[PDB]
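Nothing in this text is a laboratory measurement; each read-out follows from the coordinates by a stated rule. With ideal geometry, Cβ positions are generated from the backbone for all residues, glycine too; neighbour counts draw on all protein chains shown.
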Amino acid sequence: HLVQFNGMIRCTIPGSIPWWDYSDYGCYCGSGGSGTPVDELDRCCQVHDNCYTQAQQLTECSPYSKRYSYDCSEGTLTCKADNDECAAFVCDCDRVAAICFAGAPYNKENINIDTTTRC
Ligand SMILES: [Ca+2]
């Protein structure tokens with residue numbers, strides 16, 4: 001679930017306000033996605049969008065609402081093992097993205113861009 005994804009991003013980037021900081025970034029970070037990623041972070045979102053699309057082919061699996069079981073210790077992100085096939089897969093999509101986000105630089109210039117032309 002997007003709210004848990006937010007929780008995962010807070011785990012790797014504690015000073016982040018995820019639903020705000022990454023909801024309109026580059027060509028993929030945010031609703032929809034197209035074109036070539038603008039940077040490293042936007043690249044994380046392209047991979048994440050893809051993962052969500054794949055997690056959608058799963059029998060009634062919505063990456064958007066499916067609530068998964070994960071743990072967040074001191075930075076380390078863990079997707080609990082009891083998760084069903086969808087929750088497990090979706091929790092995976094967000095973990096990999098949360099970790100990716102934390103390793104990519106945040107370039108202010110790539111926030112809220114004119115996707116219609118740059119993507
Ligand atoms: Ca997207």
*Please determine, by comparing only the residues of segment 1-29 that are of a type in the set (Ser, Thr, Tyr) and away from the ligand (no atom under 13 Å from the Cβ), which one is nearest to residue 114 (Cα to Cα).*
16
*Identify all residues within segment 30-47 that are more than 7 Å from the ligand (Cβ to nearest atom) and not basic (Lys, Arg); write none if there are none.*
34, 35, 36, 37, 38, 39, 40, 41, 42, 44, 46, 47
*Answer with yes or no whether residue 65 is touching a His at 6+ places or on another chain (Cβ under 8 Å) and either away from the ligand (no atom under 15 Å from the Cβ) or more than 18 Å from residue 92 (Cβ to Cβ) (or both).*
yes
*Mind checking which residues of segment 35-92 are farther than 18 Å from residue 10 by Cβ and hydroxyl-bearing (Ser, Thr, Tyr)?*
36, 52, 53, 59, 62, 64, 65
*For segment 3-119, list the helices (runs of 4 or more DSSP H) that sit wholly inside it and hold at least 1 residues that are of a type in the set (A, V, I, L, M) and crowded, with 20+ Cβ neighbours inside 10 Å; which are they?*
40-54, 85-103
*So which residues in segment 72-88 are more than 19 Å from residue 60 (Cβ to Cβ) and among the acidic types (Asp, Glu)?*
74
